[PDB]
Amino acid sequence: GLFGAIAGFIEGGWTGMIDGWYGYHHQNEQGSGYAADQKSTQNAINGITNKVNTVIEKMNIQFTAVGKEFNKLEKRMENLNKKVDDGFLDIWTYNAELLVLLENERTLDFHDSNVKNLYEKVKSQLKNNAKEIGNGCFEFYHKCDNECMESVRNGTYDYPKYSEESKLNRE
């Protein structure tokens, strides 16, 4: 991507995570499991929803537009009418295709950005109590139960609490 997250240092997506766009996968003594991050997901949903709605809204309702007829001595007016119709058609096709392309690119880049942001948030929360084993994962220098995992997920990680143990295991 543009931010190097999706299809970057995080090679693939999780078919296991079915409850959200972005999230986590924990592994400890109590077991392993997927768990989506609801905040970022909700934000992304709101943004993209507003984008789509915003694209549909910008296009007014096309009311009644029918063709006209011209006799054998009005070829000029006929060709003018055609000029008009064809011109408008060209312009609108252009605008449509272009806008869709642009918004698609910006959308994918937006997702990428969200993933990288989440990763950096987690990283900055954990600091040196864990190590980046690559692929968007962190290996703990201490024991982390489901309560600790939850403390990490919902943005309430306690660094000094495990600081000592982590320092010891880090050696």
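Don't overthink the numbering: it's just position in the shown sequence, from 1.
Higher average CA B factor in the deposited record is what I'm after, so tell me if that's 9 to 17 or 156 to 164.
It is 156 to 164 that shows the higher mean C-alpha B-factor.
Kindly indicate the residue among 119, 70, 110, 63 with the greatest C-alpha B-factor in the PDB record.
Answer, based on the entry's C-alpha B-factors: 63.
What's the residue among 139, 57, 103, 37 with the greatest CA temperature factor in the PDB record?
When the deposited C-alpha B-factors of 139, 57, 103, 37 are compared, 139 is largest.
Residue 53, C-alpha B-factor rank within chain (lowest, middle or highest third)
Tercile = lowest for this residue's CA B-factor.
Should residue 46 be placed in the lowest, middle or highest third of its chain by the C-alpha B factor in the entry?
Lowest third, going by the recorded CA B-factors of the chain.
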